[PDB]
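The form deposited in one PDB entry is given below as one chain in structure tokens.
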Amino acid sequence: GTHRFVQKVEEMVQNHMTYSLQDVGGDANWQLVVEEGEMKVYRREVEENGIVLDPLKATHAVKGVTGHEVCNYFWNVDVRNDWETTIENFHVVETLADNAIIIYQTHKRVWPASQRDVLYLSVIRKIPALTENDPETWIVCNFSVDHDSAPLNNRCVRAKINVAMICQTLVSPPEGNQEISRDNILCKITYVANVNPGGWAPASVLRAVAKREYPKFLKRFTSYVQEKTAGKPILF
């Protein structure tokens, strides 16, 4: 890439590829707090100076869609309002490259506290597979940056985030005369969110809200991808 954020991008992608994919089922620092179908949501309870920082990690398996398609839909701001429910307003501050943009958005008051805004670079990347026996990996990384055109606000507390949707397509070609259809593909998703609320709020409530809102998002967003891609040619 040309843009000034290319080095930071690579470091964020690499951290997610090494630390975010790590299996969290047997990790006793993590707690499985939501299960429904193929979806599991885990959290690690962390606070600094009384501020709840709990890392969130979800895993999902979604039939009939690819990692490329799920990542495309997650990244593409032209469809954000089709699925996102926690945002009041957003706009693109800057386009850095064809796969990378900076976004400013304000969120609905889902917490018992001042309204939050966030200012993040959103980038979509493909990580090639080492062999044709393995899945290619598609990732969208959303991470807080600074921008002159979006300074701190009077009205909102500036949250900071480090989020990744990491997706891999598994395929199971059919036995004989049939061509591959969407019944033969499944997308494995890992979604990780590390959110700094930028100020204090009761932890009990913040945790209740995260337990509610992330599984809600994931079900609605993945369903939306399934609907919008149904009966379409598969994008690997």
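Take the two forms, superpose them, and find the largest set of C-alpha atoms that agree within 1.5 Å; that set is the rigid core. The numbering used is simple: start at 1 and walk along the sequence shown.
In what follows, reference is made to the form deposited in another entry, a form of this protein that is not presented.
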item	value
Displaced position between this form and the one not shown, chosen from 132, 148, 98, 78 (C-alpha, 2 Å or more, rigid core)	132
Relative Cα spacing, residue 65 and residue 132, in that other deposited form - shift of 3 Å or more	farther
Inter-Cα distance between residue 15 and residue 131 in that other deposited form, nearer or further [3 Å or more]	closer
